[PDB]
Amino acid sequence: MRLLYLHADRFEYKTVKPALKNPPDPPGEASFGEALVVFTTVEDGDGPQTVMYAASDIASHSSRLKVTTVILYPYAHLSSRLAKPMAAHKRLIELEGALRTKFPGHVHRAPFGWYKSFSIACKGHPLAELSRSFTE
(Lines of atoms letter the chains of each structure in order from A and count residues from 1; the text may use other names and numbers.)
(Lines give C-alpha, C1' and ligand atoms only; values in the text may rest on other atoms or scores of the structure.)
Protein backbone atom coordinates (compact mmCIF):
# COMPACT_ATOMS: atom_id res chain seq x y z
CA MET A 1 0.00 0.00 0.00
CA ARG A 2 1.35 3.47 -0.86
CA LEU A 3 -0.02 6.56 0.83
CA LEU A 4 0.48 10.29 0.50
CA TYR A 5 -0.45 12.36 3.60
CA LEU A 6 -1.37 15.98 2.85
CA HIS A 7 -2.26 18.22 5.78
CA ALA A 8 -4.87 20.50 4.27
CA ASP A 9 -6.56 23.77 5.27
CA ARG A 10 -9.48 22.70 3.08
CA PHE A 11 -10.28 19.90 0.60
CA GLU A 12 -13.21 19.19 -1.72
CA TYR A 13 -13.89 16.76 -4.52
CA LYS A 14 -16.70 15.91 -7.03
CA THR A 15 -17.10 12.69 -8.95
CA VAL A 16 -17.36 13.44 -12.66
CA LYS A 17 -17.37 10.56 -15.17
CA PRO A 18 -17.23 6.89 -14.14
CA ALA A 19 -13.75 5.32 -14.41
CA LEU A 20 -14.91 1.71 -14.09
CA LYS A 21 -17.82 0.04 -15.97
CA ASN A 22 -19.85 -0.03 -12.71
CA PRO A 23 -18.35 2.15 -9.93
CA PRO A 24 -19.02 0.38 -6.64
CA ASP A 25 -19.76 3.63 -4.80
CA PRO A 26 -22.43 6.20 -5.80
CA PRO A 27 -21.46 9.54 -7.32
CA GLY A 28 -21.14 12.38 -4.87
CA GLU A 29 -19.24 15.39 -3.75
CA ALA A 30 -18.00 16.70 -0.43
CA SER A 31 -16.00 19.56 1.00
CA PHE A 32 -14.02 19.89 4.23
CA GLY A 33 -12.12 22.33 6.36
CA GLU A 34 -8.86 21.39 8.00
CA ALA A 35 -8.09 17.68 7.44
CA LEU A 36 -5.53 15.05 6.81
CA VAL A 37 -6.05 14.03 3.20
CA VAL A 38 -4.71 10.51 2.59
CA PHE A 39 -4.25 9.60 -1.09
CA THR A 40 -4.33 5.84 -1.00
CA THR A 41 -3.04 3.41 -3.63
CA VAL A 42 -3.85 -0.21 -2.89
CA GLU A 43 -1.11 -2.64 -4.03
CA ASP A 44 -1.14 -6.32 -5.07
CA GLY A 45 0.30 -7.72 -1.83
CA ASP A 46 -2.08 -5.76 0.49
CA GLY A 47 -4.04 -7.77 3.03
CA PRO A 48 -5.44 -7.39 6.53
CA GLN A 49 -2.04 -6.85 8.19
CA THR A 50 -1.24 -4.05 5.76
CA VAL A 51 -4.60 -2.34 6.41
CA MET A 52 -4.00 -2.43 10.18
CA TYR A 53 -0.49 -0.91 9.95
CA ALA A 54 -1.71 1.88 7.71
CA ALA A 55 -4.74 2.57 9.98
CA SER A 56 -2.39 2.77 12.98
CA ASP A 57 -0.07 5.12 11.19
CA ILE A 58 -2.77 7.44 9.91
CA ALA A 59 -4.22 7.67 13.45
CA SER A 60 -0.78 8.40 14.96
CA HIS A 61 0.04 11.05 12.41
CA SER A 62 -3.41 12.65 12.77
CA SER A 63 -2.90 12.87 16.50
CA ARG A 64 0.48 14.56 16.11
CA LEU A 65 -0.98 17.12 13.65
CA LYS A 66 -3.97 17.58 16.00
CA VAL A 67 -6.39 16.98 13.13
CA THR A 68 -9.88 15.69 13.75
CA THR A 69 -10.87 14.84 10.15
CA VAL A 70 -9.26 12.21 7.83
CA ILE A 71 -10.16 11.87 4.18
CA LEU A 72 -9.35 8.44 2.69
CA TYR A 73 -9.05 9.33 -1.00
CA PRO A 74 -8.72 6.41 -3.41
CA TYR A 75 -5.89 7.09 -5.81
CA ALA A 76 -4.59 4.93 -8.60
CA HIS A 77 -1.45 6.93 -9.31
CA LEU A 78 1.08 6.35 -6.51
CA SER A 79 2.35 2.88 -7.49
CA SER A 80 3.18 0.56 -10.39
CA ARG A 81 2.06 -2.53 -8.51
CA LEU A 82 -1.71 -1.90 -8.29
CA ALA A 83 -4.21 -4.33 -6.73
CA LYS A 84 -7.19 -5.07 -9.05
CA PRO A 85 -10.11 -2.67 -8.67
CA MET A 86 -12.42 -4.96 -6.63
CA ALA A 87 -9.69 -5.99 -4.16
CA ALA A 88 -8.64 -2.31 -3.88
CA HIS A 89 -12.17 -1.26 -3.06
CA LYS A 90 -12.41 -4.03 -0.40
CA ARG A 91 -9.10 -2.97 1.22
CA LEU A 92 -10.20 0.69 1.25
CA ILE A 93 -13.50 -0.26 3.01
CA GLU A 94 -11.37 -2.28 5.48
CA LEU A 95 -8.97 0.67 6.00
CA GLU A 96 -11.89 3.01 6.76
CA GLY A 97 -13.33 0.46 9.25
CA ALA A 98 -9.87 -0.10 10.88
CA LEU A 99 -9.17 3.63 11.12
CA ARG A 100 -12.43 4.20 13.09
CA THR A 101 -11.14 1.76 15.75
CA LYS A 102 -7.95 3.88 16.21
CA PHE A 103 -8.84 7.53 15.50
CA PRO A 104 -11.74 9.38 17.17
CA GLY A 105 -12.61 12.06 14.55
CA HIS A 106 -14.44 12.26 11.24
CA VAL A 107 -13.36 9.58 8.75
CA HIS A 108 -14.55 10.20 5.25
CA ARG A 109 -13.89 7.62 2.53
CA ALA A 110 -14.32 9.21 -0.90
CA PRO A 111 -16.08 7.18 -3.64
CA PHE A 112 -14.06 4.55 -5.48
CA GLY A 113 -14.11 4.03 -9.28
CA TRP A 114 -14.78 7.62 -10.41
CA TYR A 115 -12.79 10.26 -12.11
CA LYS A 116 -12.92 13.20 -9.70
CA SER A 117 -12.07 16.88 -9.72
CA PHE A 118 -10.59 18.10 -6.45
CA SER A 119 -9.22 21.21 -4.78
CA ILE A 120 -6.81 21.26 -1.90
CA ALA A 121 -5.05 24.01 -0.04
CA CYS A 122 -2.10 22.14 1.48
CA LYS A 123 -0.25 23.54 4.45
CA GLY A 124 3.47 24.23 4.13
CA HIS A 125 4.83 23.17 7.47
CA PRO A 126 7.55 20.52 7.65
CA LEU A 127 5.19 17.59 8.31
CA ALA A 128 2.45 18.75 5.88
CA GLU A 129 3.48 16.31 3.07
CA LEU A 130 4.69 12.80 3.77
CA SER A 131 4.51 9.51 1.98
CA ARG A 132 4.27 5.98 3.50
CA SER A 133 4.54 2.42 2.37
CA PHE A 134 2.91 -0.60 4.09
CA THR A 135 3.26 -4.24 3.31
CA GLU A 136 2.95 -7.59 4.91
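Residue numbers here begin at 1 and follow the sequence given.
Per the record, averaged over C-alpha atoms, which has the higher B-factor: 35-43 or 58-66? It is 58-66 that shows the higher mean C-alpha B-factor.
Should the higher mean CA B-factor in the entry be assigned to 101-109 or to 80-88? Higher of the two, by average CA B-factor, is 80-88.
For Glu94, return the chain-relative third of its C-alpha B-factor as stated in the PDB record: lowest, middle or highest. Tercile = middle for this residue's CA B-factor.
Please say which third, lowest, middle or highest, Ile71 falls into when its CA temperature factor is compared across its chain. It falls in the bottom third of the chain.
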